[PDB]
>>> print(open('my_file.csv').read())   # CSV, N, CA and C atoms
chain,number,residue,atom,x,y,z
A,1,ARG,N,139.6,105.5,119.6
A,1,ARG,CA,138.8,106.7,119.7
A,1,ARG,C,137.6,106.5,120.6
A,2,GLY,N,137.0,107.5,121.0
A,2,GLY,CA,135.8,107.4,121.9
A,2,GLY,C,136.1,106.8,123.2
A,3,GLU,N,135.1,106.6,124.0
A,3,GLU,CA,135.2,106.0,125.3
A,3,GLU,C,134.4,104.7,125.4
A,4,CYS,N,135.1,103.6,125.3
A,4,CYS,CA,134.4,102.3,125.4
A,4,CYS,C,134.9,101.5,126.6
A,5,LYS,N,134.0,101.1,127.5
A,5,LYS,CA,134.3,100.4,128.7
A,5,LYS,C,133.8,99.0,128.6
A,6,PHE,N,134.6,98.0,129.0
A,6,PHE,CA,134.2,96.6,129.0
A,6,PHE,C,134.2,96.0,130.4
A,7,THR,N,133.5,94.9,130.5
A,7,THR,CA,133.4,94.2,131.8
A,7,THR,C,133.9,92.8,131.7
A,8,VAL,N,134.9,92.5,132.5
A,8,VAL,CA,135.4,91.1,132.5
A,8,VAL,C,135.5,90.6,133.9
A,9,UNK,N,134.6,89.6,134.2
A,9,UNK,CA,134.5,89.1,135.5
A,9,UNK,C,134.0,90.0,136.6
A,10,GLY,N,134.9,90.6,137.3
A,10,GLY,CA,134.5,91.6,138.3
A,10,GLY,C,135.3,92.9,138.2
A,11,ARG,N,136.0,93.0,137.1
A,11,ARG,CA,136.9,94.2,136.9
A,11,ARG,C,136.5,94.8,135.6
A,12,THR,N,136.5,96.2,135.6
A,12,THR,CA,136.1,96.9,134.4
A,12,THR,C,137.4,97.6,133.8
A,13,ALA,N,137.6,97.2,132.6
A,13,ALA,CA,138.8,97.7,131.9
A,13,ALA,C,138.3,98.7,130.8
A,14,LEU,N,138.9,99.9,130.9
A,14,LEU,CA,138.6,101.0,129.9
A,14,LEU,C,139.8,101.4,129.2
A,15,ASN,N,139.6,101.9,128.0
A,15,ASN,CA,140.7,102.4,127.2
A,15,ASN,C,140.8,103.9,127.3
A,16,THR,N,141.9,104.4,127.9
A,16,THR,CA,142.1,105.8,128.0
A,16,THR,C,143.2,106.3,127.0
A,17,UNK,N,142.7,106.8,125.8
A,17,UNK,CA,143.6,107.2,124.8
A,17,UNK,C,144.4,106.1,124.2
A,18,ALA,N,145.6,105.8,124.7
A,18,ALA,CA,146.4,104.8,124.2
A,18,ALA,C,147.0,103.9,125.4
A,19,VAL,N,146.3,104.1,126.5
A,19,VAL,CA,146.7,103.4,127.7
A,19,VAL,C,145.6,102.5,128.1
A,20,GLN,N,146.0,101.5,128.9
A,20,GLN,CA,145.0,100.5,129.4
A,20,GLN,C,144.9,100.6,130.9
A,21,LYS,N,143.6,100.9,131.3
A,21,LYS,CA,143.3,101.0,132.7
A,21,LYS,C,142.4,99.9,133.2
A,22,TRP,N,142.8,99.2,134.3
A,22,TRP,CA,142.1,98.1,134.8
A,22,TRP,C,141.6,98.5,136.2
A,23,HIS,N,140.3,98.6,136.3
A,23,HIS,CA,139.7,99.0,137.6
A,23,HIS,C,139.1,97.7,138.3
A,24,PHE,N,139.6,97.5,139.5
A,24,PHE,CA,139.2,96.3,140.3
A,24,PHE,C,138.4,96.7,141.5
A,25,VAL,N,137.2,96.3,141.6
A,25,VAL,CA,136.3,96.7,142.8
A,25,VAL,C,135.7,95.4,143.3
A,26,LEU,N,136.1,95.0,144.5
A,26,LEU,CA,135.5,93.8,145.1
A,26,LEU,C,135.3,94.1,146.6
A,27,UNK,N,134.1,94.7,146.8
A,27,UNK,CA,133.7,95.1,148.2
A,27,UNK,C,134.6,96.2,148.7
A,28,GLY,N,135.4,95.9,149.7
A,28,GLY,CA,136.3,96.9,150.3
A,28,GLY,C,137.7,96.8,149.7
A,29,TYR,N,137.9,95.9,148.8
A,29,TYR,CA,139.2,95.7,148.2
A,29,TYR,C,139.2,96.3,146.8
A,30,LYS,N,139.9,97.4,146.6
A,30,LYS,CA,140.0,98.1,145.3
A,30,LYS,C,141.4,98.0,144.8
A,31,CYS,N,141.6,97.3,143.7
A,31,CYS,CA,142.9,97.1,143.1
A,31,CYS,C,143.0,98.0,141.8
A,32,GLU,N,144.1,98.7,141.7
A,32,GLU,CA,144.3,99.6,140.6
A,32,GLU,C,145.5,99.1,139.8
A,33,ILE,N,145.2,98.8,138.5
A,33,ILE,CA,146.3,98.4,137.6
A,33,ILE,C,146.4,99.4,136.5
A,34,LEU,N,147.7,99.7,136.2
A,34,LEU,CA,148.0,100.7,135.1
A,34,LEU,C,149.0,100.0,134.1
A,35,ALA,N,148.4,99.6,133.0
A,35,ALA,CA,149.2,99.0,132.0
A,35,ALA,C,149.2,99.9,130.8
B,1,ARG,N,155.1,95.0,167.8
B,1,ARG,CA,153.8,95.1,168.4
B,1,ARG,C,153.1,96.4,168.1
B,2,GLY,N,153.8,97.5,168.5
B,2,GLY,CA,153.3,98.8,168.3
B,2,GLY,C,153.0,99.1,166.8
B,3,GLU,N,153.8,100.0,166.3
B,3,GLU,CA,153.6,100.3,164.9
B,3,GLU,C,154.9,99.9,164.0
B,4,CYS,N,154.8,98.7,163.6
B,4,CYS,CA,156.0,98.2,162.8
B,4,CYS,C,155.4,97.8,161.4
B,5,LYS,N,156.4,97.4,160.6
B,5,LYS,CA,156.0,97.0,159.2
B,5,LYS,C,156.3,95.5,159.0
B,6,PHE,N,155.4,94.9,158.3
B,6,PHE,CA,155.6,93.4,158.0
B,6,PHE,C,155.7,93.2,156.5
B,7,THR,N,156.8,92.7,156.1
B,7,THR,CA,157.1,92.4,154.7
B,7,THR,C,157.2,90.8,154.5
B,8,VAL,N,156.1,90.3,154.0
B,8,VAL,CA,156.1,88.9,153.7
B,8,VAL,C,156.0,88.6,152.2
B,9,UNK,N,157.2,88.2,151.6
B,9,UNK,CA,157.2,88.0,150.2
B,9,UNK,C,157.3,89.3,149.4
B,10,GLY,N,156.1,89.6,148.9
B,10,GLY,CA,155.9,90.9,148.1
B,10,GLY,C,154.7,91.7,148.6
B,11,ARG,N,154.2,91.3,149.8
B,11,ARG,CA,153.1,92.0,150.3
B,11,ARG,C,153.5,92.8,151.6
B,12,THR,N,153.4,94.1,151.4
B,12,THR,CA,153.8,95.0,152.5
B,12,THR,C,152.6,95.5,153.2
B,13,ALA,N,152.4,95.1,154.4
B,13,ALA,CA,151.3,95.4,155.2
B,13,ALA,C,151.8,96.2,156.5
B,14,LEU,N,151.0,97.3,156.8
B,14,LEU,CA,151.4,98.1,158.0
B,14,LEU,C,150.2,98.2,158.9
B,15,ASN,N,150.5,98.3,160.2
B,15,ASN,CA,149.5,98.3,161.2
B,15,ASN,C,149.2,99.8,161.6
B,16,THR,N,148.1,100.3,161.2
B,16,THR,CA,147.7,101.7,161.5
B,16,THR,C,146.7,101.7,162.6
B,17,UNK,N,147.2,101.8,163.9
B,17,UNK,CA,146.3,101.9,165.0
B,17,UNK,C,145.7,100.5,165.3
B,18,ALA,N,144.5,100.3,164.8
B,18,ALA,CA,143.7,99.1,165.0
B,18,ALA,C,143.2,98.6,163.6
B,19,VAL,N,143.7,99.2,162.6
B,19,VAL,CA,143.3,98.8,161.2
B,19,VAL,C,144.5,98.3,160.5
B,20,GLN,N,144.3,97.2,159.8
B,20,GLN,CA,145.3,96.5,159.0
B,20,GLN,C,145.2,96.9,157.6
B,21,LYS,N,146.3,97.6,157.1
B,21,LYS,CA,146.3,98.0,155.7
B,21,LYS,C,147.3,97.2,154.9
B,22,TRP,N,146.8,96.6,153.8
B,22,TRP,CA,147.6,95.7,153.0
B,22,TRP,C,147.8,96.4,151.7
B,23,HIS,N,149.0,96.6,151.3
B,23,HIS,CA,149.4,97.2,150.0
B,23,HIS,C,150.1,96.3,149.1
B,24,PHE,N,149.8,96.3,147.8
B,24,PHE,CA,150.4,95.4,146.9
B,24,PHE,C,151.0,96.2,145.7
B,25,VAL,N,152.3,96.1,145.5
B,25,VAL,CA,152.9,96.8,144.4
B,25,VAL,C,153.7,95.8,143.6
B,26,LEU,N,153.3,95.7,142.3
B,26,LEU,CA,154.0,94.8,141.4
B,26,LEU,C,154.0,95.4,140.0
B,27,UNK,N,154.9,96.5,139.9
B,27,UNK,CA,155.0,97.2,138.7
B,27,UNK,C,153.8,98.0,138.4
B,28,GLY,N,153.1,97.6,137.3
B,28,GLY,CA,151.9,98.4,136.9
B,28,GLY,C,150.6,97.9,137.7
B,29,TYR,N,150.8,96.8,138.4
B,29,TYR,CA,149.8,96.2,139.2
B,29,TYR,C,149.8,96.6,140.7
B,30,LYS,N,149.1,97.7,141.0
B,30,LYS,CA,149.1,98.2,142.4
B,30,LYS,C,147.7,98.0,143.0
B,31,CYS,N,147.6,97.0,143.8
B,31,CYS,CA,146.3,96.8,144.5
B,31,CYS,C,146.4,97.2,145.9
B,32,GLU,N,145.4,98.0,146.4
B,32,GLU,CA,145.4,98.5,147.7
B,32,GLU,C,144.1,98.1,148.4
B,33,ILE,N,144.2,97.5,149.6
B,33,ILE,CA,143.1,97.1,150.4
B,33,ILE,C,143.1,97.8,151.7
B,34,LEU,N,141.9,98.1,152.2
B,34,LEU,CA,141.7,98.8,153.5
B,34,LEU,C,140.9,97.9,154.4
B,35,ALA,N,141.6,97.3,155.3
B,35,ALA,CA,141.0,96.4,156.3
B,35,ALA,C,141.2,96.9,157.7
>>> encode(input="my_file.csv", output="structure tokens")
Amino acid sequence: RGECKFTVXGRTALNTXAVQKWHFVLXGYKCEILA
Amino acid sequence: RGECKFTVXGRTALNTXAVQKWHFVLXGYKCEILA
């Protein structure tokens, strides 16, 4: 429940409902992971 | 030389004019870089 975002290294992982979203931002390189 | 596609291993990069775009697709891990 609620919106809780965590920071691990240089990527921010947030919990969207019951899915896992991993946002990767490193300069001009943006990686998007959908678990 | 012109506009072709380069597939090395699992990294699909395409040449768009004078900009090199590297795309990464590995299931739920889709990382995209704009160079």
>>> atom_distance(input="my_file.csv", atom1="CA of residue 15 in chain B", atom2="CA of residue 33 in chain A")
23.8 Å
>>> residues_around(input="my_file.csv", residues="residue 31 in chain A", least_positions_apart="2", cutoff="6.5 Å", atoms="all atoms listed in the file", output="list in words")
residues 22, 23, 24, 25, 26, 29 and 33 of chain A; 30, 31, 32 and 33 of chain B
>>> calpha_fit_rmsd(input="my_file.csv", fixed="chain A", moving="chain B")
1.3 Å
>>> residues_around(input="my_file.csv", residues="residue 5 in chain A", least_positions_apart="5", cutoff="10 Å", atoms="only C-alpha atoms", output="PyMOL selection string")
chain A and resi 12-16+21
>>> select_by_dssp(input="my_file.csv", residues="chain A", states="strand (DSSP E)", output="number ranges by chain")
A: 5-8, 11-16, 19-26, 29-34
>>> atom_distance(input="my_file.csv", atom1="CA of residue 8 in chain B", atom2="CA of residue 34 in chain A")
23.5 Å
>>> atom_distance(input="my_file.csv", atom1="atom N of residue 6 in chain B", atom2="atom N of residue 27 in chain A")
24.2 Å
